[PDB]
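To keep things clear, I will list the structure first and then write my remarks on it.
In this analysis, Cβ positions are derived from the backbone assuming ideal geometry, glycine residues included, and neighbour counts consider all displayed protein chains. What is reported rests on the model, the rules as stated and the sources as named; these are not laboratory values.
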Amino acid sequence: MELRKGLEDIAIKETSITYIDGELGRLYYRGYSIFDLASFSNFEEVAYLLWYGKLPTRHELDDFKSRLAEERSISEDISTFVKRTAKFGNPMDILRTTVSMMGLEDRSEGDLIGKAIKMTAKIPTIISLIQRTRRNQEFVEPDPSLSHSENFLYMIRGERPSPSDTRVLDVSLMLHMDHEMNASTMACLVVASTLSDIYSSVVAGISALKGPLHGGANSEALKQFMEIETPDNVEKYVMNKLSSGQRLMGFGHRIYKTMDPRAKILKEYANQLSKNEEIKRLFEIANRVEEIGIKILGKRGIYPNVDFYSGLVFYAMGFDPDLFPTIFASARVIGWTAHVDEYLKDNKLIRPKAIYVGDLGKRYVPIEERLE
Amino acid sequence: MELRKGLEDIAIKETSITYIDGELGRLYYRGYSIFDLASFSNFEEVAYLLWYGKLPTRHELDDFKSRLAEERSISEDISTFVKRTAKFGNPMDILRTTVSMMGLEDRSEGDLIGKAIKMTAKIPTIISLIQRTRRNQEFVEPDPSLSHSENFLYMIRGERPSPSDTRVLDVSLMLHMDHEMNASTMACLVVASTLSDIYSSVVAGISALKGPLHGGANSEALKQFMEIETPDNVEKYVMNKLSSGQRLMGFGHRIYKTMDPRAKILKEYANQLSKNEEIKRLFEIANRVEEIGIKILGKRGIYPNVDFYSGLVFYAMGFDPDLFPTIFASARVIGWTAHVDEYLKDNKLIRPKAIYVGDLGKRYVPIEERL
Ligand SMILES: O=C([O-])CC(=O)C(=O)O
Ligand SMILES: O=C([O-])CC(=O)C(=O)O
């Protein structure tokens with residue numbers, strides 16, 4: 001029988017959650033254009049749409065925003081664990097462990113969406129505590145009067161952010177909430193398919209998202225912009241990379257044959273950030289890298305993906321680069337839990353096989369008869 | 001493209017680790033019959049075989065046994081977490097968390113098999129601490145002079161086991177070390193395919209193994225023997241279960257269309273367990289349920305699986321029934337990590353598709369216009 005390794009040409013579910021148009025560079029959440037959501041929506045409204053399948057009324061959104069805000073606090077045992085590990089732990093290992101501890105401590109049955117709301121609310125608190133602890137700063141408690149993105153920036157900086165900063169983060173999070181099928185969604189679904197709990201599913205999603213191949217989930221492009229150091233070095237660096245058969249970071253995608261619509265929106269909204277000398281210089285480098293990259297690689301359907309600008313935007317708003325994968329998980333958890341919820345409406349155990357290519361019927365020999 | 005919901009009969013890798021013959025009821029690890037390994041081998045020698053692909057020499061096995069014995073200790077952070085949660089937490093949630101903590105505490109690069117050795121050595125220390133804490137008993141530290149299975153029972157009981165009890169645990173663990181492809185192996189491989197670390201892979205395996213649909217990692221057959229209560233009540237209990245649309249627990253397999261060879265080996269080795277009155281009774285019940293269940297369900301290719309006897313065997317050696325899935329994982333981590341190691345020799349990112357059946361091109365309706 002045929003080996004289908006990678007599963008690239010196999011669908012494992014029907015979905016109404018996300019639609020990717022790789023041809024035209026379009027992305028839809030439940031039929032709504034990502035462009036319109038970036039323009040007019042906000043984190044809580046899109047989270048509501050992804051989980052409940054419709055845009056909320058004024059009343060539904062006010063109640064929903066309150067629910068999220070009163071779930072933001074974390075248990076003292078989780079908070080102590082983060083404080084203890086923040087300086088030396090891989091932050092994805094910290095986040096993986098704390099979501100595992102959340103599930104251990106929540107024994108209550110069913111309520112998949114209630115549990116997803118709890119993880120979504122608490123992950124920014126955990127990330128903020130890692131960042132603060134790393135800088136020898138005291139924990140800033142969540143403020144239940146602030147909206148999700150506003151509160152996120154408050155917990156990192158210890159001061160209420162400008163509405164323009166809130167908007168850029170709010171948009172960046174909306175852009176990472178779902179992207180249909182990929183290794184991390186597949187890990188959540190394989191675990192859900194056994195009727196394991198939703199915390200187990202998310203822990204598996206975080207385990208997969210951590211890997212460097214996952215796509216989208218890194219700060220390599222930003223590292224590259226820092227290596228280049230000056231705008232005038234862009235050409236020398238990019239040519240010496242490509243000619244040397246090396247890769248331009250933040251370029252390429254398995255689906256978009258064009259500019260990633262998420263990269264396009266991040267580049268536009270990145271203009272609202274006030275930039276010191278360092279950030280101004282890094283954005284000038286990124287824009288030149290973008291131009292020469294598209295000139296050489298665009299022919300072959302190799303274009304900026306979301307991670308070309310995402311790392312630099314998060315860095316610009318005051319996040320350490322090695323937290324970027326955790327910030328990705330804080331958004332994508334909505335997509336993961338939405339996909340599990342949809343799958344479980346008609347559950348099927350995911351139970352593939354393997355092709356055997358070894359030996360059979362070998363004769364067991366005791367250890368005294370094994371030579372050398 | 002093709003919708004293959006459940007990936008039934010989709011092959012996702014090539015393997016030389018494990019072969020299952022569902023028609024004849026046979027199983028092989030690296031070409032060796034499970035019957036021969038159960039007759040003549042031991043936990044460390046089979047772990048060596050699964051990881052390194054051949055039977056070790058005396059020198060290779062002495063070194064490997066040391067490497068395993070030297071890694072059994074757990075961090076103060078892990079032992080304190082286990083002690084805090086042993087009486088309250090789901091034991092698979094505790095294991096999931098403590099393997100996650102192992103990963104966090106090990107920031108070394110590469111050495112997949114070294115990290116597999118660390119997880120395989122430490123998991124029994126965690127299981128034993130859960131069990132001891134539940135019984136208001138003091139932690140028993142691993143003894144590096146004892147073999148894996150000897151140590152395991154020592155950490156549970158606080159006294160060195162008999163060689164007969166050691167052999168039964170040794171065989172029972174070997175029988176769970178690998179079973180080719182299933183949801184837990186698949187969860188491990190999906191995570192490994194991104195080049196995430198081997199602890200991340202195993203955390204995902206444990207997360208999948210916890211689910212009641214996984215197969216093999218449950219105590220439902222033992223619970224059913226305990227509900228039956230007397231050997232005389234077997235015919236009536238089973239006939240009334242099967243006539244009311246319910247299942248005989250520990251019967252049925254997606255692959256074996258005969259007696260699971262792991263069930264046949266556990267039944268034979270269970271004879272060497274010295275049994276108190278309860279365990280004698282439960283085994284009499286189990287042997288009658290087997291006889292009866294084969295009579296009724298056999299013609300339909302429904303036979304005992306490994307989990308018909310496994311829960312009862314682990315219970316008879318002094319483990320609480322609800323630790324059984326952790327014990328399953330303590331052996332199966334060898335298979336998982338061996339499968340990951342094999343896969344990564346020619347890695348391919350696992351990135352399936354979905355069929356979109358939803359709405360497209362909807363107008364964003366401003367909130368003041370909604371219902
Ligand atoms: O889906 C992918 O290929 C990876 C990705 O871009 C994402 O997770 O957003
Ligand atoms: O493989 C399966 O189908 C379940 C099982 O029996 C095992 O994992 O040992």
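Take residue A:308 and tell me if it is assigned to a helix (DSSP H, G or I), within 16 Å of ligand 1 (Cβ to nearest atom) and of a type in the set (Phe, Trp, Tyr). Spelling it out, residue A:308 is indeed assigned to a helix (DSSP H, G or I), within 16 Å of ligand 1 (Cβ to nearest atom) and of a type in the set (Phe, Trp, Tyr). Take the conditions (1) in contact (Cβ under 8 Å) with a residue 60 or more places away in the chain; (2) in contact with a strand residue (DSSP E or B) (Cβ under 9 Å, 6 or more places away or on another chain); residue A:293 misses just one of them, which is (1). Figure legend. Inter-residue proximity from segment A:181-203: first residues facing chain B (nearest Cβ under 7 Å) and more than 12 Å from residue B:206 (Cβ to Cβ), second residues of a type in the set (S, T, N, Q) and crowded, with 24+ Cβ neighbours inside 10 Å, beta-carbon distance below 6 Å, spacing 6+ or different chains. Indicated pairs: A:183/B:193; A:183/B:194.
A count restricted to segment B:179-199 and to residues that are of a type in the set (D, E, K, R) and surrounded by 24 or more Cβ atoms within 10 Å (Cβ to Cβ) stands at 1. Being out of contact with any strand residue (DSSP E or B) (no Cβ under 7 Å at 6 or more places or on another chain) and more than 9 Å from chain A (Cβ to nearest Cβ) is the filter here; which residues of segment B:27-52 pass it? If the condition is that a residue be out of contact with any strand residue (DSSP E or B) (no Cβ under 7 Å at 6 or more places or on another chain) and more than 9 Å from chain A (Cβ to nearest Cβ), then B:35, B:38, B:42, B:43, B:44, B:47, B:48, B:51, B:52 are the ones that fit.
Quick check on segment A:241-268: of everything there that is assigned to a loop (DSSP other than H, G, I, E, B) and polar (S, T, N, Q), which residue is farthest from residue B:351 (Cα to Cα)? Ranking the candidates gives A:244 first. Residues of segment A:314-344 that are more than 16 Å from ligand 1 (Cβ to nearest atom) and either touching an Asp or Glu at 6+ places or on another chain (Cβ under 9 Å) or over 30 Å from residue A:2 (Cα atoms) (or both): A:315, A:316, A:317, A:318, A:319, A:320, A:321, A:322, A:323, A:341, A:342.
Among residues of segment B:254-281 that are in contact (Cβ under 8 Å) with a residue 12 or more places away in the chain, none has a Cβ under 6 angstrom from a residue that is within 16 Å of ligand 1 (Cβ to nearest atom) at a sequence gap of 6+ or on a separate chain. Among the residues of segment B:80-89, those that are in a helix (DSSP H, G or I), surrounded by fewer than 21 Cβ atoms within 10 Å (Cβ to Cβ) and either within 8 Å of chain A (Cβ to nearest Cβ) or free of Cβ contacts under 8 Å to residues at least 24 places away in the same chain (or both) comprise B:80, B:84.
Matching residues to (1) within 16 Å of ligand 2 (Cβ to nearest atom); (2) over 30 Å from residue A:283 (Cβ atoms):
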site: A:317; (1), (2): no, no
site: A:321; (1), (2): no, no
site: A:328; (1), (2): no, no
site: A:335; (1), (2): no, no
site: A:346; (1), (2): no, yes
site: A:352; (1), (2): yes, yes
site: A:356; (1), (2): yes, yes
site: A:366; (1), (2): no, yes
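Does segment A:317-326 contain at least one residue that is in contact (Cβ under 8 Å) with a residue 24 or more places away in the chain, over 27 Å from the mean Cα position of the chain (by Cα) and not assigned by CATH to the domain that holds residue A:268? No, every residue in segment A:317-326 fails to be in contact (Cβ under 8 Å) with a residue 24 or more places away in the chain, over 27 Å from the mean Cα position of the chain (by Cα) and not assigned by CATH to the domain that holds residue A:268. Taken over segment A:204-230, the criterion of being more than 30 Å from residue A:109 (Cα to Cα) and at the interface with chain B (Cβ under 7 Å from one of its Cβ atoms) is satisfied by A:211, A:212, A:213, A:214.
Residues in segment B:90-112 that are assigned to a loop (DSSP other than H, G, I, E, B) and either away from chain A (no Cβ under 11 Å) or more than 19 Å from the chain's Cα centre (by Cα) (or both): B:106, B:107, B:108, B:109, B:110, B:111.
The residue of segment B:160-191 that is nearest to ligand 1 (Cβ to nearest atom), among those that are in a helix (DSSP H, G or I) and in contact with a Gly (Cβ under 8 Å, 6 or more places away or on another chain), is B:191. Considering segment A:219-249, the residues that are closer than 30 Å to residue A:19 by Cα and either touching a residue at least 60 places away in the same chain (Cβ under 8 Å) or touching a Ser or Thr at 6+ places or on another chain (Cβ under 7 Å) (or both) include one that is farthest from ligand 1 (Cβ to nearest atom), namely A:222. Within segment B:215-240, how many residues turn out to be of a type in the set (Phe, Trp, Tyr) and either within 16 Å of ligand 2 (Cβ to nearest atom) or assigned to a loop (DSSP other than H, G, I, E, B) (or both)? Summing the residues that are of a type in the set (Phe, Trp, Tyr) and either within 16 Å of ligand 2 (Cβ to nearest atom) or assigned to a loop (DSSP other than H, G, I, E, B) (or both) in segment B:215-240 gives 0.
Of all the residues that make up segment A:299-316, how many are within 14 Å of residue A:249 (Cα to Cα) and either surrounded by fewer than 22 Cβ atoms within 10 Å (Cβ to Cβ) or in the same structural domain as residue A:167 (by CATH) (or both)? Looking only at that region, the number is 1. Does residue B:155 count as within 24 Å of residue B:134 (Cβ to Cβ) and surrounded by 21 or more Cβ atoms within 10 Å (Cβ to Cβ)? Yes: the conditions hold for residue B:155. Among the residues making up segment A:90-119, a single one is buried (at least 22 other Cβ atoms within 10 Å of the Cβ), among the hydrophobic types (A, V, I, L, M, F, W, C) and more than 16 Å from residue A:74 (Cα to Cα): A:92. Quick check on residue A:345: is it out of contact with any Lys or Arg (no Cβ under 6 Å at 6 or more places or on another chain) and at the interface with another protein chain (Cβ under 7 Å from one of its Cβ atoms)? No; evaluated as a whole, the condition is false for this residue.
Whenever a residue of segment A:112-136 is under 16 Å from residue A:203 (Cβ atoms), its partners that are buried (at least 20 other Cβ atoms within 10 Å of the Cβ) and among the small types (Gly, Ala, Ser), lying with C-beta atoms within less than 6 angstrom and at least six residues away or across chains, give the pairs A:123/A:330. Apart from one condition, residue A:120 fits all of (1) in a helix (DSSP H, G or I); (2) within 14 Å of chain B (Cβ to nearest Cβ); the exception is (2).
Just one of the listed residues (A:347, A:276, A:287) is under 26 Å from residue A:21 (Cα atoms) and not aliphatic (A, V, I, L, M), namely A:287.
Select from segment A:269-284 the residues that are assigned to a helix (DSSP H, G or I) and over 24 Å from the mean Cα position of the chain (by Cα) and write down the one among them that is nearest to residue A:27 (Cα to Cα). The selected residue is A:284.
Inspection of segment B:321-335 identifies no residue that is surrounded by fewer than 20 Cβ atoms within 10 Å (Cβ to Cβ) and part of a loop (DSSP other than H, G, I, E, B).
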